[PDB]
Amino acid sequence: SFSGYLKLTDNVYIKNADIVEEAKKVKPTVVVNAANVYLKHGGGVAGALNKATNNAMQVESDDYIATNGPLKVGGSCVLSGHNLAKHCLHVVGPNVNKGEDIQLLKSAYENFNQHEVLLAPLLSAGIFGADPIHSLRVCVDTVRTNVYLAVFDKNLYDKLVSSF
């Protein structure tokens, strides 16, 4: 199972790790993707997860969008985890860099409560533009299921732990 995590709360754990490498090692039931409404996995965590699946995640996602249309900001969908996990929970956090409402970050984290255990990134962090310290706070105050957070950046990981 998950190893090397620092326990933050009863159910939230954190590790300085590449979520792709973490998924390949653990092969969790659920890996969370930092998705956009179109499921266009171009950069950040989404681009990295999609590249690890040899673009199979993007092919599957384009078929999902053709059938269902875009997700809502704060919403999610469950798709295959391919070679990374049993399932991928594509969750759309607000992108501050597109003027999206940061209060939708709580709604985005509520999607995690439908899964008993998840490997996840901090929603709306990185290229989505939100403050990762705020994202971790919303995560701990919203997610009640077991969430194993992978923070790629060591300097950000240290700042998150030291300011928690």
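What counts, and where the lines are drawn
Residues numbered from 1 in each chain as written, not as in the entry; some residues may be left out. Heavy atoms only, no water. Axes fitted to C-alpha atoms, helices over the stretch in contact; angles between N-to-C directions. Helix = DSSP H or I, 4+ residues; strand = E, 2+ residues; numbered from the N terminus. Parallel < 35°, antiparallel > 145°, perpendicular 65-115°, else oblique. Left-handed = near helix turned anticlockwise from the far one by under 90°. Contact = heavy atoms within 4.5 Å. Nonpolar A, V, L, I, M, F, W, Y, C, P; charged D, E, K, R; others polar. Core = buried A, V, L, I, M, F, W, Y, C linked by side-chain atoms within 4.5 Å. Buried < 20%, exposed > 50% of the residue type's maximum accessible area, 1.4 Å probe, protein only. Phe/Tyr/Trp six-rings, centres within 6.5 Å; stacked < 30°, edge-to-face > 60°. Polar contact = N/O pair within 3.5 Å; in protein donor to acceptor, adjacent residues only side chain to side chain. Pairing = 2+ DSSP bridges.

With the PDB entry as reference, the protein is termed Non-structural protein 3, source organism Severe acute respiratory syndrome coronavirus 2.

Visitor: Even after reading the chapter, I still don't get the packing of helix 5 (residues 132-142) against helix 6 (residues 154-162), so can you show me in this structure?
Guide: In helix packing, the relevant descriptors are the interaxial angle and the interaxial distance, both defined with respect to the helix axes. Running from N to C, helix 5 and helix 6 cross one another at 55 degrees; their axes reach a closest spacing of 10 Å. Here helix 5 is positioned oblique relative to helix 6, judged by the angle of their axes. Of the two elements, helix 5 crosses helix 6, and the hand of that crossing is right-handed. Along the contact surface, helix 5 presents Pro132, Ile133 and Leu136, while helix 6 presents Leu156, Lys159 and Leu160. Counted by class, the contact of helix 5 with helix 6 contains five nonpolar, no polar and one charged residues.

Visitor: Just to check I follow, could you spell out the nonpolar core for this structure?
Guide: Soluble, globular proteins show a tendency: their nonpolar side chains are buried together. Ranked by size, the top nonpolar core spans 26 residues in total, and within it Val32, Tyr109, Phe112, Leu122, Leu123, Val147 and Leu149 carry the most contacts. Elements represented by at least two residues in this core include exactly strand 2 (12-16), strand 3 (30-35), strand 5 (87-92), helix 4 (104-110), strand 6 (117-120), helix 5, strand 7 (146-151) and helix 6. No other element matches the four residues that helix 5 contributes to this core. Leave out the neighbours within four places in its chain, and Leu123 touches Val32, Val91, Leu105, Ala108, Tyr109, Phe112 and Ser135.

Visitor: How do you make sense of unusual backbone geometry when you look at a structure like this?
Guide: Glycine aside, residues mostly have negative phi angles, and peptide bonds mostly take the trans form. If you check the backbone angles, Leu39 has positive phi at about 55 degrees while not being a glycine. Secondary-structure assignment places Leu39 in the loop between strand 3 and helix 2 (44-52). Accessibility expressed as a relative area gives 0% for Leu39, which makes it buried.

Visitor: Just checking my understanding: could you explain the packing of aromatic side chains for this structure?
Guide: By convention here, two paired aromatic rings are described through the distance between centres and the angle between planes. Counting across every chain of the model gives five aromatic pairs. Ring geometry for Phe2 versus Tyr5: centroids 5.6 Å apart, planes at 90 degrees, classification edge-to-face. With a centroid separation of 4.7 Å and an interplanar angle of 10 degrees, the aromatic rings of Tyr13 and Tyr148 are classed as stacked. Residue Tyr13 is found in strand 2, and its partner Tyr148 is found in strand 7; the two are separated by 135 residues along the sequence. Its relative accessible area of 17% is what places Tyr13 among the buried residues.

Visitor: Please clarify how helix 5 should be interpreted in this entry.
Guide: Because the α-helix completes a turn every 3.6 residues, residues three or four places apart line up on one side. By the burial criterion, the buried members of helix 5 are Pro132, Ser135, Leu136, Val138, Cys139, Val140 and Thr142. Summarising the contacts, the buried residues of helix 5 are in contact with strand 2, helix 4, strand 7 and helix 6. Put simply, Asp131 is the residue that caps the front of helix 5, since its side-chain oxygen is 3.1 Å from the backbone nitrogen of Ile133.

Visitor: So what exactly am I meant to see when it comes to the pairing of strand 5 here?
Guide: The side chains of a regular strand alternate, residue by residue, between the two faces of the sheet. In terms of burial, strand 5 is a largely internal element, five of the six residues being buried. Taken together, the six bridges between strand 3 and strand 5 define a ladder with parallel strand orientation. Counted as the bridge partner of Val32 is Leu89 from strand 5. Two elements, strand 4 (residues 76-80) and strand 5, share five bridges in a ladder whose sense is antiparallel. Within the sheet, the bridge partner assigned to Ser80 lies in strand 5 and is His87. Here strand 4 hands over to strand 5 after six residues, with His82 in that stretch at a positive phi of 55 degrees.

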